[PDB]
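File shown: start_18.cif. Contents: mmCIF, C-alpha atoms and all ligand atoms; chains and numbers go by the auth columns.
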```cif
data_protein
#
loop_
_atom_site.group_PDB
_atom_site.id
_atom_site.type_symbol
_atom_site.label_atom_id
_atom_site.label_comp_id
_atom_site.label_asym_id
_atom_site.label_seq_id
_atom_site.Cartn_x
_atom_site.Cartn_y
_atom_site.Cartn_z
_atom_site.B_iso_or_equiv
_atom_site.auth_seq_id
_atom_site.auth_asym_id
ATOM 1 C CA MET A 1 30.399 122.390 -3.097 0.00 1 A
ATOM 2 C CA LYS A 2 29.075 119.714 -0.707 0.00 2 A
ATOM 3 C CA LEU A 3 27.160 116.716 -2.088 0.00 3 A
ATOM 4 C CA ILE A 4 25.483 113.821 -0.234 0.00 4 A
ATOM 5 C CA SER A 5 24.168 110.544 -1.683 0.00 5 A
ATOM 6 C CA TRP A 6 21.977 108.087 0.266 0.00 6 A
ATOM 7 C CA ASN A 7 20.029 104.951 -0.487 0.00 7 A
ATOM 8 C CA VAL A 8 17.230 105.497 2.077 0.00 8 A
ATOM 9 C CA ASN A 9 15.517 102.061 1.632 0.00 9 A
ATOM 10 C CA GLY A 10 12.177 103.882 1.258 0.00 10 A
ATOM 11 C CA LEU A 11 11.570 107.575 2.014 0.00 11 A
ATOM 12 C CA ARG A 12 8.564 106.758 4.266 0.00 12 A
ATOM 13 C CA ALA A 13 10.679 104.116 6.142 0.00 13 A
ATOM 14 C CA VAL A 14 13.709 106.450 6.632 0.00 14 A
ATOM 15 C CA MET A 15 11.452 109.284 7.864 0.00 15 A
ATOM 16 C CA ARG A 16 9.775 106.941 10.407 0.00 16 A
ATOM 17 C CA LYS A 17 13.239 105.934 11.751 0.00 17 A
ATOM 18 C CA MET A 18 15.042 109.289 11.761 0.00 18 A
ATOM 19 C CA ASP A 19 14.299 112.996 11.592 0.00 19 A
ATOM 20 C CA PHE A 20 15.132 113.513 7.887 0.00 20 A
ATOM 21 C CA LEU A 21 14.242 117.249 7.719 0.00 21 A
ATOM 22 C CA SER A 22 16.541 117.908 10.763 0.00 22 A
ATOM 23 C CA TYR A 23 19.310 115.835 9.042 0.00 23 A
ATOM 24 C CA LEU A 24 19.192 118.056 5.904 0.00 24 A
ATOM 25 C CA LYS A 25 19.409 121.205 8.122 0.00 25 A
ATOM 26 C CA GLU A 26 22.388 119.739 10.092 0.00 26 A
ATOM 27 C CA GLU A 27 24.453 118.777 6.981 0.00 27 A
ATOM 28 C CA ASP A 28 23.401 121.874 4.968 0.00 28 A
ATOM 29 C CA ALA A 29 24.733 120.238 1.732 0.00 29 A
ATOM 30 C CA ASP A 30 24.462 121.974 -1.668 0.00 30 A
ATOM 31 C CA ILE A 31 23.064 118.846 -3.324 0.00 31 A
ATOM 32 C CA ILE A 32 21.491 115.754 -1.783 0.00 32 A
ATOM 33 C CA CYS A 33 20.655 112.665 -3.875 0.00 33 A
ATOM 34 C CA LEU A 34 18.371 109.855 -2.659 0.00 34 A
ATOM 35 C CA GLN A 35 17.900 106.370 -4.105 0.00 35 A
ATOM 36 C CA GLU A 36 15.090 103.848 -3.456 0.00 36 A
ATOM 37 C CA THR A 37 12.525 106.497 -2.404 0.00 37 A
ATOM 38 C CA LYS A 38 9.789 103.794 -3.043 0.00 38 A
ATOM 39 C CA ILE A 39 7.155 106.535 -3.605 0.00 39 A
ATOM 40 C CA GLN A 40 4.731 107.894 -6.254 0.00 40 A
ATOM 41 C CA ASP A 41 2.713 111.266 -6.402 0.00 41 A
ATOM 42 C CA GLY A 42 1.406 112.189 -3.605 0.00 42 A
ATOM 43 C CA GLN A 43 2.635 109.788 -0.865 0.00 43 A
ATOM 44 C CA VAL A 44 4.933 111.827 1.438 0.00 44 A
ATOM 45 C CA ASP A 45 5.370 115.511 2.391 0.00 45 A
ATOM 46 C CA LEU A 46 8.906 116.508 1.448 0.00 46 A
ATOM 47 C CA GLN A 47 8.928 120.203 0.549 0.00 47 A
ATOM 48 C CA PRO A 48 11.987 121.452 2.535 0.00 48 A
ATOM 49 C CA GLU A 49 12.891 125.125 2.541 0.00 49 A
ATOM 50 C CA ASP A 50 16.286 125.940 0.925 0.00 50 A
ATOM 51 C CA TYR A 51 15.937 123.203 -1.757 0.00 51 A
ATOM 52 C CA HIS A 52 14.590 122.790 -5.270 0.00 52 A
ATOM 53 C CA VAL A 53 13.441 119.130 -5.275 0.00 53 A
ATOM 54 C CA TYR A 54 13.274 116.784 -8.318 0.00 54 A
ATOM 55 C CA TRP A 55 11.619 113.380 -8.213 0.00 55 A
ATOM 56 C CA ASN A 56 11.729 110.343 -10.446 0.00 56 A
ATOM 57 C CA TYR A 57 9.138 107.659 -9.782 0.00 57 A
ATOM 58 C CA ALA A 58 8.956 104.021 -10.939 0.00 58 A
ATOM 59 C CA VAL A 59 5.741 102.896 -12.693 0.00 59 A
ATOM 60 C CA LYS A 60 5.512 99.970 -10.134 0.00 60 A
ATOM 61 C CA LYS A 61 4.465 101.073 -6.574 0.00 61 A
ATOM 62 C CA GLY A 62 6.729 100.841 -3.465 0.00 62 A
ATOM 63 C CA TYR A 63 9.715 100.215 -5.675 0.00 63 A
ATOM 64 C CA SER A 64 12.915 102.022 -6.698 0.00 64 A
ATOM 65 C CA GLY A 65 12.659 105.789 -7.396 0.00 65 A
ATOM 66 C CA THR A 66 15.164 108.645 -6.945 0.00 66 A
ATOM 67 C CA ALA A 67 15.298 112.294 -5.851 0.00 67 A
ATOM 68 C CA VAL A 68 17.710 115.219 -6.111 0.00 68 A
ATOM 69 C CA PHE A 69 17.579 118.175 -3.663 0.00 69 A
ATOM 70 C CA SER A 70 19.512 121.240 -4.854 0.00 70 A
ATOM 71 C CA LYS A 71 20.024 124.678 -3.220 0.00 71 A
ATOM 72 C CA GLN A 72 20.815 126.237 -6.624 0.00 72 A
ATOM 73 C CA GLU A 73 18.228 125.901 -9.395 0.00 73 A
ATOM 74 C CA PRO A 74 19.766 123.901 -12.327 0.00 74 A
ATOM 75 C CA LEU A 75 19.534 125.041 -16.005 0.00 75 A
ATOM 76 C CA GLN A 76 17.645 121.804 -16.862 0.00 76 A
ATOM 77 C CA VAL A 77 16.584 118.495 -15.261 0.00 77 A
ATOM 78 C CA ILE A 78 16.592 115.250 -17.330 0.00 78 A
ATOM 79 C CA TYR A 79 14.686 112.171 -16.154 0.00 79 A
ATOM 80 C CA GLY A 80 16.037 108.816 -17.293 0.00 80 A
ATOM 81 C CA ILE A 81 18.078 108.268 -20.473 0.00 81 A
ATOM 82 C CA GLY A 82 15.551 108.261 -23.343 0.00 82 A
ATOM 83 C CA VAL A 83 15.271 104.438 -23.782 0.00 83 A
ATOM 84 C CA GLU A 84 11.843 102.936 -22.822 0.00 84 A
ATOM 85 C CA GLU A 85 13.325 99.728 -21.324 0.00 85 A
ATOM 86 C CA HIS A 86 15.641 101.700 -18.967 0.00 86 A
ATOM 87 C CA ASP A 87 13.158 104.449 -18.009 0.00 87 A
ATOM 88 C CA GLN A 88 10.365 102.469 -16.208 0.00 88 A
ATOM 89 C CA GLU A 89 11.946 102.435 -12.775 0.00 89 A
ATOM 90 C CA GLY A 90 12.702 106.091 -11.800 0.00 90 A
ATOM 91 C CA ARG A 91 16.416 105.264 -11.559 0.00 91 A
ATOM 92 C CA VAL A 92 18.218 108.244 -13.128 0.00 92 A
ATOM 93 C CA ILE A 93 17.997 112.062 -12.645 0.00 93 A
ATOM 94 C CA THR A 94 20.513 114.440 -14.316 0.00 94 A
ATOM 95 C CA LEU A 95 20.857 118.111 -13.306 0.00 95 A
ATOM 96 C CA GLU A 96 22.585 120.488 -15.717 0.00 96 A
ATOM 97 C CA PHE A 97 24.548 123.409 -14.238 0.00 97 A
ATOM 98 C CA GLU A 98 26.668 125.951 -16.157 0.00 98 A
ATOM 99 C CA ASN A 99 29.926 123.990 -15.773 0.00 99 A
ATOM 100 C CA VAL A 100 28.951 120.487 -14.678 0.00 100 A
ATOM 101 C CA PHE A 101 26.270 117.790 -14.821 0.00 101 A
ATOM 102 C CA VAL A 102 25.207 116.326 -11.451 0.00 102 A
ATOM 103 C CA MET A 103 23.461 113.007 -11.723 0.00 103 A
ATOM 104 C CA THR A 104 22.079 110.337 -9.410 0.00 104 A
ATOM 105 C CA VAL A 105 21.683 106.642 -10.236 0.00 105 A
ATOM 106 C CA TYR A 106 19.988 103.730 -8.508 0.00 106 A
ATOM 107 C CA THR A 107 21.528 100.797 -10.483 0.00 107 A
ATOM 108 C CA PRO A 108 19.257 97.738 -11.145 0.00 108 A
ATOM 109 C CA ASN A 109 20.197 94.838 -8.856 0.00 109 A
ATOM 110 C CA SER A 110 21.397 91.643 -10.642 0.00 110 A
ATOM 111 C CA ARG A 111 19.065 89.696 -8.270 0.00 111 A
ATOM 112 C CA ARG A 112 19.635 86.463 -6.293 0.00 112 A
ATOM 113 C CA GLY A 113 21.926 84.043 -8.153 0.00 113 A
ATOM 114 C CA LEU A 114 22.586 86.735 -10.825 0.00 114 A
ATOM 115 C CA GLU A 115 19.277 85.732 -12.465 0.00 115 A
ATOM 116 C CA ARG A 116 18.931 89.264 -13.981 0.00 116 A
ATOM 117 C CA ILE A 117 22.637 89.841 -14.810 0.00 117 A
ATOM 118 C CA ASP A 118 21.789 90.028 -18.572 0.00 118 A
ATOM 119 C CA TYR A 119 19.647 93.142 -18.049 0.00 119 A
ATOM 120 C CA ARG A 120 22.268 94.604 -15.651 0.00 120 A
ATOM 121 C CA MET A 121 24.964 94.271 -18.392 0.00 121 A
ATOM 122 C CA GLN A 122 22.653 95.987 -20.986 0.00 122 A
ATOM 123 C CA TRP A 123 21.874 98.704 -18.356 0.00 123 A
ATOM 124 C CA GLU A 124 25.629 99.279 -17.707 0.00 124 A
ATOM 125 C CA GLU A 125 26.339 99.666 -21.448 0.00 125 A
ATOM 126 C CA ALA A 126 23.365 102.055 -22.045 0.00 126 A
ATOM 127 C CA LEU A 127 24.160 104.232 -18.979 0.00 127 A
ATOM 128 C CA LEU A 128 27.893 104.446 -19.808 0.00 128 A
ATOM 129 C CA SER A 129 27.076 105.550 -23.380 0.00 129 A
ATOM 130 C CA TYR A 130 24.662 108.231 -22.021 0.00 130 A
ATOM 131 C CA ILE A 131 27.246 109.445 -19.443 0.00 131 A
ATOM 132 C CA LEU A 132 29.852 109.641 -22.266 0.00 132 A
ATOM 133 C CA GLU A 133 27.434 111.863 -24.260 0.00 133 A
ATOM 134 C CA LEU A 134 27.078 114.204 -21.224 0.00 134 A
ATOM 135 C CA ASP A 135 30.883 114.170 -20.632 0.00 135 A
ATOM 136 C CA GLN A 136 31.530 115.342 -24.243 0.00 136 A
ATOM 137 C CA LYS A 137 29.574 118.536 -23.293 0.00 137 A
ATOM 138 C CA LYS A 138 30.497 119.196 -19.609 0.00 138 A
ATOM 139 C CA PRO A 139 32.221 117.221 -16.791 0.00 139 A
ATOM 140 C CA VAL A 140 29.991 114.822 -14.814 0.00 140 A
ATOM 141 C CA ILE A 141 29.541 114.119 -11.098 0.00 141 A
ATOM 142 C CA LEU A 142 27.579 110.872 -10.659 0.00 142 A
ATOM 143 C CA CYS A 143 26.454 109.463 -7.343 0.00 143 A
ATOM 144 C CA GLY A 144 24.324 106.658 -6.086 0.00 144 A
ATOM 145 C CA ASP A 145 23.907 103.035 -5.226 0.00 145 A
ATOM 146 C CA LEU A 146 25.749 101.293 -8.030 0.00 146 A
ATOM 147 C CA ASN A 147 25.031 97.792 -6.650 0.00 147 A
ATOM 148 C CA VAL A 148 28.669 96.773 -7.030 0.00 148 A
ATOM 149 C CA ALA A 149 31.640 96.366 -4.725 0.00 149 A
ATOM 150 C CA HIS A 150 34.447 97.085 -7.206 0.00 150 A
ATOM 151 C CA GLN A 151 37.495 95.398 -5.634 0.00 151 A
ATOM 152 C CA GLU A 152 38.104 92.822 -2.890 0.00 152 A
ATOM 153 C CA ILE A 153 38.869 95.741 -0.521 0.00 153 A
ATOM 154 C CA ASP A 154 35.246 96.993 -1.134 0.00 154 A
ATOM 155 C CA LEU A 155 33.538 94.289 1.019 0.00 155 A
ATOM 156 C CA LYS A 156 34.204 92.306 4.205 0.00 156 A
ATOM 157 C CA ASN A 157 33.905 88.818 2.652 0.00 157 A
ATOM 158 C CA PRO A 158 34.910 88.896 -1.093 0.00 158 A
ATOM 159 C CA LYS A 159 35.583 85.102 -1.183 0.00 159 A
ATOM 160 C CA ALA A 160 31.980 84.285 -0.084 0.00 160 A
ATOM 161 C CA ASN A 161 30.460 86.598 -2.764 0.00 161 A
ATOM 162 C CA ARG A 162 32.138 85.835 -6.162 0.00 162 A
ATOM 163 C CA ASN A 163 28.803 84.359 -7.439 0.00 163 A
ATOM 164 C CA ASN A 164 26.415 86.720 -5.570 0.00 164 A
ATOM 165 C CA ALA A 165 24.716 89.919 -6.786 0.00 165 A
ATOM 166 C CA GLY A 166 26.999 92.924 -6.255 0.00 166 A
ATOM 167 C CA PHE A 167 30.310 91.011 -6.549 0.00 167 A
ATOM 168 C CA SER A 168 30.174 88.949 -9.804 0.00 168 A
ATOM 169 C CA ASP A 169 33.081 89.273 -12.267 0.00 169 A
ATOM 170 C CA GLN A 170 30.565 90.742 -14.761 0.00 170 A
ATOM 171 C CA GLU A 171 29.467 93.552 -12.388 0.00 171 A
ATOM 172 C CA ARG A 172 33.057 94.305 -11.272 0.00 172 A
ATOM 173 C CA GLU A 173 34.246 94.463 -14.923 0.00 173 A
ATOM 174 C CA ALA A 174 31.370 96.809 -15.892 0.00 174 A
ATOM 175 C CA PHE A 175 32.480 99.250 -13.135 0.00 175 A
ATOM 176 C CA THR A 176 36.107 98.879 -14.427 0.00 176 A
ATOM 177 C CA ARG A 177 34.896 99.783 -17.997 0.00 177 A
ATOM 178 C CA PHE A 178 33.155 102.878 -16.547 0.00 178 A
ATOM 179 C CA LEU A 179 36.375 104.151 -14.854 0.00 179 A
ATOM 180 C CA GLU A 180 38.513 103.224 -17.939 0.00 180 A
ATOM 181 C CA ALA A 181 36.154 105.403 -20.069 0.00 181 A
ATOM 182 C CA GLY A 182 37.604 108.455 -18.204 0.00 182 A
ATOM 183 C CA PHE A 183 36.088 108.423 -14.706 0.00 183 A
ATOM 184 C CA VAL A 184 37.361 108.447 -11.090 0.00 184 A
ATOM 185 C CA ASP A 185 35.962 106.697 -7.971 0.00 185 A
ATOM 186 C CA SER A 186 36.246 109.757 -5.616 0.00 186 A
ATOM 187 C CA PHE A 187 36.575 107.750 -2.342 0.00 187 A
ATOM 188 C CA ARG A 188 39.381 105.611 -3.838 0.00 188 A
ATOM 189 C CA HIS A 189 41.152 108.694 -5.219 0.00 189 A
ATOM 190 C CA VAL A 190 41.443 109.982 -1.610 0.00 190 A
ATOM 191 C CA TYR A 191 41.803 106.488 0.037 0.00 191 A
ATOM 192 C CA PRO A 192 43.192 103.940 -2.538 0.00 192 A
ATOM 193 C CA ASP A 193 44.052 101.176 -0.046 0.00 193 A
ATOM 194 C CA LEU A 194 41.725 101.803 2.938 0.00 194 A
ATOM 195 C CA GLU A 195 39.996 98.571 4.022 0.00 195 A
ATOM 196 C CA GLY A 196 36.809 98.249 6.111 0.00 196 A
ATOM 197 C CA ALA A 197 35.195 101.377 4.589 0.00 197 A
ATOM 198 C CA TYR A 198 31.599 100.304 3.732 0.00 198 A
ATOM 199 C CA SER A 199 28.278 102.013 2.903 0.00 199 A
ATOM 200 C CA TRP A 200 25.857 99.045 3.278 0.00 200 A
ATOM 201 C CA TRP A 201 25.439 96.299 5.930 0.00 201 A
ATOM 202 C CA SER A 202 22.727 93.674 6.430 0.00 202 A
ATOM 203 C CA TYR A 203 20.018 94.701 8.912 0.00 203 A
ATOM 204 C CA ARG A 204 20.650 91.270 10.639 0.00 204 A
ATOM 205 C CA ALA A 205 21.476 91.619 14.387 0.00 205 A
ATOM 206 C CA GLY A 206 25.183 92.378 14.801 0.00 206 A
ATOM 207 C CA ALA A 207 26.117 92.730 11.069 0.00 207 A
ATOM 208 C CA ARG A 208 26.503 96.540 11.094 0.00 208 A
ATOM 209 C CA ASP A 209 27.960 96.532 14.683 0.00 209 A
ATOM 210 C CA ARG A 210 30.652 94.053 13.462 0.00 210 A
ATOM 211 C CA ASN A 211 31.178 96.115 10.237 0.00 211 A
ATOM 212 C CA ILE A 212 30.227 93.213 7.876 0.00 212 A
ATOM 213 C CA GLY A 213 29.613 95.557 4.987 0.00 213 A
ATOM 214 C CA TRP A 214 30.100 96.442 1.359 0.00 214 A
ATOM 215 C CA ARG A 215 30.964 99.752 -0.345 0.00 215 A
ATOM 216 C CA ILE A 216 28.315 99.978 -3.116 0.00 216 A
ATOM 217 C CA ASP A 217 27.576 103.755 -2.875 0.00 217 A
ATOM 218 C CA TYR A 218 29.829 106.085 -4.824 0.00 218 A
ATOM 219 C CA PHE A 219 30.639 109.517 -6.169 0.00 219 A
ATOM 220 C CA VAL A 220 32.171 108.954 -9.630 0.00 220 A
ATOM 221 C CA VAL A 221 33.588 112.043 -11.369 0.00 221 A
ATOM 222 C CA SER A 222 34.931 112.847 -14.855 0.00 222 A
ATOM 223 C CA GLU A 223 38.765 112.370 -14.801 0.00 223 A
ATOM 224 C CA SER A 224 39.165 116.165 -15.491 0.00 224 A
ATOM 225 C CA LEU A 225 37.552 116.895 -12.033 0.00 225 A
ATOM 226 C CA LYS A 226 40.105 114.620 -10.160 0.00 226 A
ATOM 227 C CA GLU A 227 42.181 117.656 -8.938 0.00 227 A
ATOM 228 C CA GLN A 228 38.957 119.415 -7.761 0.00 228 A
ATOM 229 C CA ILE A 229 38.151 116.708 -5.103 0.00 229 A
ATOM 230 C CA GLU A 230 38.634 118.264 -1.637 0.00 230 A
ATOM 231 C CA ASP A 231 37.243 115.327 0.394 0.00 231 A
ATOM 232 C CA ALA A 232 35.322 112.058 -0.105 0.00 232 A
ATOM 233 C CA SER A 233 33.746 110.247 2.822 0.00 233 A
ATOM 234 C CA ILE A 234 31.363 107.593 4.161 0.00 234 A
ATOM 235 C CA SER A 235 29.026 108.737 6.928 0.00 235 A
ATOM 236 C CA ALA A 236 28.841 105.393 8.834 0.00 236 A
ATOM 237 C CA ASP A 237 27.420 107.044 12.005 0.00 237 A
ATOM 238 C CA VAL A 238 24.172 108.071 10.167 0.00 238 A
ATOM 239 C CA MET A 239 21.344 105.615 11.018 0.00 239 A
ATOM 240 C CA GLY A 240 17.919 105.127 9.371 0.00 240 A
ATOM 241 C CA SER A 241 18.589 102.828 6.400 0.00 241 A
ATOM 242 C CA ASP A 242 20.580 99.643 5.630 0.00 242 A
ATOM 243 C CA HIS A 243 23.022 101.978 3.762 0.00 243 A
ATOM 244 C CA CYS A 244 24.691 105.044 5.259 0.00 244 A
ATOM 245 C CA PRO A 245 25.207 108.301 3.259 0.00 245 A
ATOM 246 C CA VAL A 246 28.313 108.913 1.138 0.00 246 A
ATOM 247 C CA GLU A 247 29.660 112.493 0.671 0.00 247 A
ATOM 248 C CA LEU A 248 31.854 114.553 -1.650 0.00 248 A
ATOM 249 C CA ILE A 249 33.443 118.036 -1.319 0.00 249 A
ATOM 250 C CA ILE A 250 34.460 119.209 -4.801 0.00 250 A
ATOM 251 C CA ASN A 251 35.362 122.628 -6.346 0.00 251 A
ATOM 252 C CA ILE A 252 32.910 123.308 -9.308 0.00 252 A
HETATM 253 CA CA CA B . 16.574 98.349 -0.355 0.00 1 B
HETATM 254 CA CA CA B . 30.317 131.372 -15.763 0.00 2 B
HETATM 255 CA CA CA B . 43.413 92.922 2.513 0.00 3 B
#
```

So, in terms of C-alpha cells, how does the structure I just supplied come out?
Amino acid sequence: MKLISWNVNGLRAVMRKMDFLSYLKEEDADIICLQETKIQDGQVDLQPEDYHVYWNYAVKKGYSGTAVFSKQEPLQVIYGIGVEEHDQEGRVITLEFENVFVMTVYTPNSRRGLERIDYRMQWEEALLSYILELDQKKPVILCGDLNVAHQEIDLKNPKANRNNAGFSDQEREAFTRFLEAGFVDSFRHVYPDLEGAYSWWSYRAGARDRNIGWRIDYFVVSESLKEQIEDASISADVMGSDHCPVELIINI
C-alpha cells in the first residue's frame, strides 16, 4: 500500500498555492495524512471522490488540526488518546484496519527557547504509552510531523540548533525512546547514512533552494513491519507548504 504524510501549513493556504485535488489524483495513494490543517467545521470544501475523509479539529481556531484520507473504509476511527490535556488540539487520528493501525500525529512544538519542553516531554510519554497499547493488539504505522530531527544527519546545521526547538537533547532522546520501544524510522531503515534528506525548510528567500532543511516528518512502523517496507521517500519537488510530503510503500 502507498501512504503519504504532509504538514500543509494550513489547508486553506496549501489549496491557494497548489492544486491539492489534482495532487491527490496524480499520486493516487491508498492513505494520505495531513497535519496543521488549521480548520474547523465548515471552513473548506474537501470532499474528494475515492476517499473516506476523517478530520480532527483543535478547539482554538486557525491552529493545528489533522486529517486522514483513506480509499478503504477502516473498521474504526479514534480521535485523540483519551486524555483531556492531550486532546484539545486535533493532533492525533488512528484508523483501525483488519491487520494494522494507521495513525497520524502532529506533535506539539517545544516553542522558542524550549519554553514548552515540559509539556512536550509529557506528550511524548503519553503518546508512546498509547502507541504501545495499540501495538499489543496489531502492528502500527505512524506518520506525521514529529517536530524533531533525530540525529545530526537529520538537519543541515545541527551545531546551531542544540538549544532550539526540534533539536534539543530532550526531544532527540524522546524519539530514541520511541524507537527503542520496538519501532523503526522507515526512511532510515532504507537510507541509514544519507545526508541532506530533509522535509522542512524555512520559507526565507534561498533557504529551500540551498537545501537548508530538517527531516522532521516521518513514517514510524512497528519493528515487526520492518521487512514489509518496499520504499520510503521524501517528495522534495512538491511545493505548497514549508514542508514537503513524505511517503511509504509497505506490504500490509
Ligand atoms: Ca506551520
Ligand atoms: Ca483477513
Ligand atoms: Ca556528516

Picked residues, the PyMOL selection byres (((chain A and resi 64) around 10) and not hetatm), as a VMD selection string:
chain A and resid 7 9 to 10 35 to 39 56 to 63 65 to 66 88 to 91 106 to 108

Applied to the shown file, which residues does the PyMOL selection byres (((chain A and resi 52) around 10) and not hetatm) return, written as an MDAnalysis selection string?
chainID A and resid 31 47:51 53:54 68:74

Could you give me, as a tab-separated table, a per-residue list for chain A showing, wherever an atom lies at most 10 Å from an atom of ligand CA 2 (chain B), the closest pair of atoms and their distance in Å to one decimal, using all atoms listed in the file and sorting by chain then residue number from low to high?
```
residue	atom	partner	partner_atom	distance
A:97	CA	B:CA2	CA	10.0
A:98	CA	B:CA2	CA	6.5
A:99	CA	B:CA2	CA	7.4
```

Nearest to ligand CA 1 (chain B) among A:212, A:197, A:244, A:46, with distances taken over all atoms listed in the file: which residue is it?
A:244

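Shortest atom-to-atom contact with residue 119 in chain A among A:222, A:211, A:170, A:241: A:170, counting all atoms listed in the file.
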
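Matched in the shown structure by the PyMOL selection byres (((chain A and resi 124) around 9) and not hetatm): residues 107, 119, 120, 121, 122, 123, 125, 126, 127, 128, 129, 171, 174, 175 and 178 of chain A.
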
Which of these residues is nearest to residue 17 in chain A, using only C-alpha atoms: A:252, A:105, A:239, A:44?
A:239

If you count all atoms listed in the file, which residues fall within 10 Å of residue 100 in chain A, apart from same-chain ones fewer than 6 positions away, as a ChimeraX atom specification?
/A:134-135,137-141,222,225,252

My list of candidates is A:79, A:16, A:151, A:169. Which is closest to ligand CA 3 (chain B) when distances are computed with all atoms listed in the file?
A:151

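As for CA of residue 194 in chain A and CA of residue 215 in chain A, they are spaced 11.4 Å apart.
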
Within-12 Å residues of ligand CA 3 (chain B), basis only C-alpha atoms and all ligand atoms, as a PyMOL selection string:
chain A and resi 151-159+193-197

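Going from CA of residue 181 in chain A to CA of residue 168 in chain A covers 20.3 Å.
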
N, CA, C and O atoms are needed for range 165-180 of chain A; please write them out as a PDB file, in the frame of the given file.
```pdb
ATOM      1  N   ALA A 165      25.003  88.588  -6.247  1.00  0.00           N
ATOM      2  CA  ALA A 165      24.716  89.919  -6.786  1.00  0.00           C
ATOM      3  C   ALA A 165      25.510  90.977  -6.026  1.00  0.00           C
ATOM      4  O   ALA A 165      25.544  90.963  -4.788  1.00  0.00           O
ATOM      5  N   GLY A 166      26.185  91.837  -6.789  1.00  0.00           N
ATOM      6  CA  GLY A 166      26.999  92.924  -6.255  1.00  0.00           C
ATOM      7  C   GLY A 166      28.489  92.639  -6.322  1.00  0.00           C
ATOM      8  O   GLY A 166      29.290  93.567  -6.181  1.00  0.00           O
ATOM      9  N   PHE A 167      28.877  91.364  -6.499  1.00  0.00           N
ATOM     10  CA  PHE A 167      30.310  91.011  -6.549  1.00  0.00           C
ATOM     11  C   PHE A 167      30.701  89.995  -7.642  1.00  0.00           C
ATOM     12  O   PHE A 167      31.797  89.428  -7.594  1.00  0.00           O
ATOM     13  N   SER A 168      29.853  89.840  -8.686  1.00  0.00           N
ATOM     14  CA  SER A 168      30.174  88.949  -9.804  1.00  0.00           C
ATOM     15  C   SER A 168      31.271  89.589 -10.664  1.00  0.00           C
ATOM     16  O   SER A 168      31.422  90.813 -10.664  1.00  0.00           O
ATOM     17  N   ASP A 169      32.033  88.768 -11.394  1.00  0.00           N
ATOM     18  CA  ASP A 169      33.081  89.273 -12.267  1.00  0.00           C
ATOM     19  C   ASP A 169      32.473  90.231 -13.279  1.00  0.00           C
ATOM     20  O   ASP A 169      33.082  91.245 -13.601  1.00  0.00           O
ATOM     21  N   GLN A 170      31.258  89.914 -13.770  1.00  0.00           N
ATOM     22  CA  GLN A 170      30.565  90.742 -14.761  1.00  0.00           C
ATOM     23  C   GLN A 170      30.264  92.138 -14.222  1.00  0.00           C
ATOM     24  O   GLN A 170      30.528  93.118 -14.915  1.00  0.00           O
ATOM     25  N   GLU A 171      29.758  92.235 -12.973  1.00  0.00           N
ATOM     26  CA  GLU A 171      29.467  93.552 -12.388  1.00  0.00           C
ATOM     27  C   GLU A 171      30.747  94.328 -12.110  1.00  0.00           C
ATOM     28  O   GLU A 171      30.799  95.532 -12.353  1.00  0.00           O
ATOM     29  N   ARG A 172      31.779  93.645 -11.575  1.00  0.00           N
ATOM     30  CA  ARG A 172      33.057  94.305 -11.272  1.00  0.00           C
ATOM     31  C   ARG A 172      33.708  94.843 -12.536  1.00  0.00           C
ATOM     32  O   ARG A 172      34.167  95.987 -12.540  1.00  0.00           O
ATOM     33  N   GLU A 173      33.678  94.061 -13.616  1.00  0.00           N
ATOM     34  CA  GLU A 173      34.246  94.463 -14.923  1.00  0.00           C
ATOM     35  C   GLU A 173      33.469  95.634 -15.530  1.00  0.00           C
ATOM     36  O   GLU A 173      34.077  96.507 -16.145  1.00  0.00           O
ATOM     37  N   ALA A 174      32.140  95.683 -15.339  1.00  0.00           N
ATOM     38  CA  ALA A 174      31.370  96.809 -15.892  1.00  0.00           C
ATOM     39  C   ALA A 174      31.758  98.115 -15.184  1.00  0.00           C
ATOM     40  O   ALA A 174      31.867  99.143 -15.842  1.00  0.00           O
ATOM     41  N   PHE A 175      32.041  98.062 -13.867  1.00  0.00           N
ATOM     42  CA  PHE A 175      32.480  99.250 -13.135  1.00  0.00           C
ATOM     43  C   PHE A 175      33.890  99.642 -13.606  1.00  0.00           C
ATOM     44  O   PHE A 175      34.183 100.838 -13.737  1.00  0.00           O
ATOM     45  N   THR A 176      34.756  98.629 -13.892  1.00  0.00           N
ATOM     46  CA  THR A 176      36.107  98.879 -14.427  1.00  0.00           C
ATOM     47  C   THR A 176      35.985  99.613 -15.772  1.00  0.00           C
ATOM     48  O   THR A 176      36.688 100.600 -15.968  1.00  0.00           O
ATOM     49  N   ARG A 177      35.096  99.150 -16.677  1.00  0.00           N
ATOM     50  CA  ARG A 177      34.896  99.783 -17.997  1.00  0.00           C
ATOM     51  C   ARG A 177      34.481 101.246 -17.840  1.00  0.00           C
ATOM     52  O   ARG A 177      34.962 102.102 -18.576  1.00  0.00           O
ATOM     53  N   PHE A 178      33.610 101.525 -16.860  1.00  0.00           N
ATOM     54  CA  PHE A 178      33.155 102.878 -16.547  1.00  0.00           C
ATOM     55  C   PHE A 178      34.368 103.765 -16.192  1.00  0.00           C
ATOM     56  O   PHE A 178      34.581 104.774 -16.851  1.00  0.00           O
ATOM     57  N   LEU A 179      35.191 103.361 -15.211  1.00  0.00           N
ATOM     58  CA  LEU A 179      36.375 104.151 -14.854  1.00  0.00           C
ATOM     59  C   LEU A 179      37.344 104.300 -16.033  1.00  0.00           C
ATOM     60  O   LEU A 179      37.847 105.404 -16.256  1.00  0.00           O
ATOM     61  N   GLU A 180      37.581 103.208 -16.795  1.00  0.00           N
ATOM     62  CA  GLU A 180      38.513 103.224 -17.939  1.00  0.00           C
ATOM     63  C   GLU A 180      38.057 104.178 -19.044  1.00  0.00           C
ATOM     64  O   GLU A 180      38.897 104.701 -19.780  1.00  0.00           O
TER      65      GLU A 180
END
```
